[PDB]
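J.: Structure provided below as structure tokens; questions to follow.
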Amino acid sequence: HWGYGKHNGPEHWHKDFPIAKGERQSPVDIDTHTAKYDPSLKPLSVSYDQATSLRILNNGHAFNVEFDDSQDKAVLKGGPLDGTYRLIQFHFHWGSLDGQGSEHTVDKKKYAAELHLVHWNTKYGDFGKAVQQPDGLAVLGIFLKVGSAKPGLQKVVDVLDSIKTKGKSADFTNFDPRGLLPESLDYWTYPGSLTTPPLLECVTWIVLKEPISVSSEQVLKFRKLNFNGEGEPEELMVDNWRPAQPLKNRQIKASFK
Ligand SMILES: CCOC(=O)[C@@H]1CS/C(=N\S(N)(=O)=O)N1
Ligand SMILES: [Zn+2]
């Protein structure tokens, strides 16, 4: 199926998913000089105090931390958004080396990794209906640079040994995603897509300006995961990022002056 290798990676996805060559694909390079401050934006409201994490899953592409989204427990509102978007999962994309791994870039700079907090618009009732709508999802993207450790990441790191291979999962209750955020909520926003197949053009992207710092040891443990299943030849889960796509007829707006 689709993946990140030479034979099944981003250059191939368009054959099964022709929207890969669409008009609002993600990620993109964020040209900071060209992005424009938008006074009509609002501050982001990130309300995660009642978040209920459930489980962590190696899906063969990344690992997802899943949340109970049966009620408004962890939601994103404000900023460019109309209404309320419920957190369903978060995951990362990362590199084989510290100089690559992010999906979005900032003036062509690649970060070591990128966190995606995925939310769906409650006006559509369920995630599957939301990803049939142009305003169905909001993804909060956060860059990771290597430096000091991120304390709020360490519980994630420590469970990765138990989900090494594709299809493995583990309990992951009582995790607080507030501990993954930087201090500032300043952001860039643009309309885009999922960055994995099916590449659906349903996402309002909200990319924070301030990266979080994680330690070399934390990201090293991401790179010990496997793309393959148990008992199969080991292929390290690294370089699970899609490169920047054409901006086409889009403007990136900034929340900050
Ligand atoms: C429709 C099924 O869900 C997906 O295919 C997932 C949901 S989040 C994502 N890509 S990303 N990296 O843009 O968050 N793909
Ligand atoms: Zn992602």
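Sequential numbering from 1, following the chain as shown.
Placed from the backbone N, Cα and C atoms, the Cβ positions cover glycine too.
According to Swiss-Prot, the active site, proton donor/acceptor annotation covers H61, on the basis of a curator's inference. The annotation Zn(2+) binding site is assigned in Swiss-Prot to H91, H93, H116. The substrate binding site feature in Swiss-Prot is assigned to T195, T196; the stated evidence is experimental evidence. What Swiss-Prot lists as phosphoserine is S162, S169, and the listing cites a large-scale study or a structure entry.
So where do these features actually land, and what's packed around them?
T.: Under DSSP, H61 (active site, proton donor/acceptor) is assigned to coil, being neither helix nor strand in the three-state scheme.
Cβ-based neighbour count (10 Å, all protein chains) for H93 (Zn(2+) binding site) stands at 26.
When secondary structure is read from DSSP and collapsed to three states, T196 (substrate binding site) falls in the coil class.
Shown in sequence order, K168, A170 are the residues of the chain, 6+ apart in sequence, with a C-beta less than 8 angstroms from the C-beta of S162 (phosphoserine). In the three-state DSSP scheme, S162 (phosphoserine) falls into the helix class.
Neighbour list (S169 (phosphoserine), Cβ cut-off 8 Å, at least 6 residues apart, same chain): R55, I56, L57, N58, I163. Under the DSSP three-state reduction, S169 (phosphoserine) is assigned to strand.
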J.: Based on Cβ atoms within 10 Å, give me the single least packed residue among the binding-site residues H91, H116.
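T.: Among the binding-site residues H91, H116, the lowest count of other Cβ atoms within 10 Å belongs to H91.
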J.: Can you name every residue in this chain, apart from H91, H93, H116, with its Cβ inside 8 Å of the center of the Cβ atoms of the recorded Zn(2+) site?
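T.: Nearby residues not in the site list: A62, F90, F92, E103, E114, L115, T195.
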J.: Where's the emptiest Cβ shell within 10 Å among the recorded positions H61, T195, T196?
T.: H61
J.: Taking the Cα atoms as reference points, how far is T196 (substrate binding site) from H116 (Zn(2+) binding site) in Å?
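T.: It is 12 Å, counting Cα to Cα.
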J.: Ligand 1 is in the model; which of the recorded positions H91, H116, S162, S169, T195, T196 have a C-beta less than 6 angstroms from one of its atoms?
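T.: List returned for ligand 1: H116, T195, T196.
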